[PDB]
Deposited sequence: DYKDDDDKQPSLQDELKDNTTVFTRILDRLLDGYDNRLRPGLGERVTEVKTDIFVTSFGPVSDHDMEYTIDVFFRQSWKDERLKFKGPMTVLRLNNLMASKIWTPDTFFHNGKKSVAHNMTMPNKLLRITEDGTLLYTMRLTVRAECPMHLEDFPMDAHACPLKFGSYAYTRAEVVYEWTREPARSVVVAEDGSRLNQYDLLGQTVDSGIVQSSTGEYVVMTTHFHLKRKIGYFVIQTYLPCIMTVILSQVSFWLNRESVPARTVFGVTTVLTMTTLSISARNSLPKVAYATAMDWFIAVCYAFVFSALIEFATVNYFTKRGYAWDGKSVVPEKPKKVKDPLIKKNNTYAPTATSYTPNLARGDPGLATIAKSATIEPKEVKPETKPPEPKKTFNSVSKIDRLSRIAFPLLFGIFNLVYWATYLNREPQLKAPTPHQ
């Protein structure tokens, strides 16, 4: 009864003469909010929306002199009804799209007061921020997805954000918070910035997450069927020149096989209207398949006989343009793969 009476006495008399519209140290100092982020799960990056989900415990701490008290306990836990009548900094995410403050089963907020007047404010957020991605090297590309957060109304001369530790040790991710189907989280990099505006200069806490796309899926689905189709279109050069229906079926359907591979590779990608690294590969591989049958059109114009070589009169030769194409077209497809896979595995 003695503990509960003093505890109720401290809570009821704490907000007497308090104004949540004012800043702590309004005409005296600059409010030093020290922020900290614990990333529980770096969620799914959406290539079709240029965004990424991240689920954090966003916690920030600052000193409020007006909320000092004395009593038995040192740390004063508050209710949500009382923490809504207390000044909290207007921290927002500069690139967040539509983020969720969770409300199950109670609002996931917490405001603790120590006896010297240091507000500690933790809350669990699911932040859907904007990651600007340039897909010119799809899928051999890396991206830096930023978290930029600062204040909204209070400039640099009124609030200053910092980190509660060393900056690299502040934003810490969980060991089971990868949760990426198509990327590899290669660590993060933090920085403090001051971004100017038309309403004054603000303090921005930038935090970049370095990603890199997994490549092994698109090799076995796009690259290896496109390579095996270009090889199989070049398989027709080791036939006889008199098999005019047989070499036609090679030439037209490997175009149709590359046409099927071209459409299906593309739709598993956001609809960017510029040529990606996959688009350049398929288009040049499309040119080799087309050139295989244009070679046969040149062979067929020089054939001069309908019958093939008998297994037992004159017979056709082995077609000097079909001999040189056995060496030229596999080599140029081999030289192109050396140029392709050295350029895009370097950028």
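Missing from the model, relative to the deposited sequence, are the stretches 1 to 16, 329 to 391, 427 to 437.
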